[PDB]
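Residues 256 to 268, 271 to 277, 279 to 296, 307 to 309, 311 to 331, 333 to 405, 424 to 533 (full-length UniProt numbering) make up the sequence shown, in order. Just so you know, even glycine gets a beta-carbon here, dropped at the ideal spot from N, CA and C. Below you'll find the structure, written out as structure tokens, and then a few comments.
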Amino acid sequence: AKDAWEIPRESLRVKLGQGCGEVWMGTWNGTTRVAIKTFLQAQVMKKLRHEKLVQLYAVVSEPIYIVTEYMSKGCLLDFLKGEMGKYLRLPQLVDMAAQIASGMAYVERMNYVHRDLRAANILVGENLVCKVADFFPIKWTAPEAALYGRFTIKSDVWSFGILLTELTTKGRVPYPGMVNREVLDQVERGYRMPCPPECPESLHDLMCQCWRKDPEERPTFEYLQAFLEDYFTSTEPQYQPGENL
Ligand SMILES: */C=C\C(=O)Nc1ccc2ncnc(Nc3cccc(Br)c3)c2c1
């Protein structure tokens, strides 16, 4: 018993592959360029709609397909590690952070929880447009949630702070040189990544706020969004560009 998102398989006509089934670029009803990911229960993608979340377009539930808006620049992790990462500077990265926070503030208002917020699950479009996608790996996960299964918007905040380090290192894997068990144990004892090179202290302070032991003391996404948007006026107005950031 299909809902109004259903389209016919025949409605769908170049690989980008990978992932636990594939990601093709395709054409929809001969006119519309889309992404197709070749479970279900996408039921969540139908109920969320915001300009910083990747948009559902259609599903085939028969040979399954999930169809979405096309994000030309691929995932944010590949984007950052690619050619165009040596040119990114703080302003572009802080702005990308802002669009992510904003997508997440929406998710926060809708009372949902992401659970896998990390640069690999963000898609990037034209004009440095970033949208939250792909609905657990311990380096990105809050303690209370890697250990005891307590996933909340507050654990998403934690991941956000880790994503912040992904943005400021141009996509380096966090806790560099540390292994899952060493990260678990060092974080338990109160360790936190230090300020990334060239990164202003105030942005590192923001990461540490995101990484508080007590979830409830972690900031909201509305707070993170607003702080990021206003960063270069309210927080770092004497920012001078550098060799990497
Ligand atoms: C970091 C690699 C990567 O995931 N890239 C990527 C590029 C484009 C794209 N378009 C559409 N969908 C996805 N991924 C995806 C993953 C899980 C579920 C779904 Br419906 C889509 C990508 C991924």
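Own chain, CB closer than 6 Å to residue i, minus 5 neighbours either side, in chain order
i, result
"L347", "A389, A390 and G459"
"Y340", "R291, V292 and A293"
"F349", "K343 and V394"
"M374", "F509"
Environment of residue i [buried if 16+ CB atoms lie within 10 Å]
i, result
"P507", "buried"
"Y376", "buried"
"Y357", "exposed"
"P464", "exposed"
"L308", "exposed"
"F509", "buried"
"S372", "buried"
"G449", "buried"
As assigned by DSSP and simplified to three states, the class of residue i
i, result
"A293", "strand"
"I334", "coil"
"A430", "coil"
"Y326", "strand"
"residue 278", "For residue 278, nothing is modelled; it lies in the interval where the chain passes from 277 to 279 with no residues in between."
"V467", "coil"
"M354", "helix"
"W260", "coil"
"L267", "strand"
"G344", "coil"
"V281", "strand"
"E454", "helix"
Beta-carbon separation (whole angstroms), residue i vs residue j, contact threshold 8 Å
i, j, result
"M366", "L452", "About 10 Å; that fails the 8 Å criterion."
"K295", "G274", "Actually they are not in contact, since the Cβ atoms of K295 and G274 sit about 11 Å apart, beyond 8 Å."
"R318", "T285", "With a Cβ gap of about 23 Å, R318 and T285 do not count as contacting."
Contact set for residue i: own chain, Cβ-Cβ below 7 Å, skip 5 residues either direction
i, result
"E331", "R264"
"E476", "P431"
"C487", "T456 and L533"
Close-in-space but distant-in-sequence residues of the same chain around residue i (CB under 8 Å, 5 per side omitted)
i, result
"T429", "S443, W446 and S447"
**Study point:** Cβ contact (3+ pairs, closer than 8 Å) linking the region 465-473 and the region 513-522
**Key:** Inter-segment contact for the region 465-473 and the region 513-522 is absent: fewer than three beta-carbon pairs are separated by less than 8 Å.
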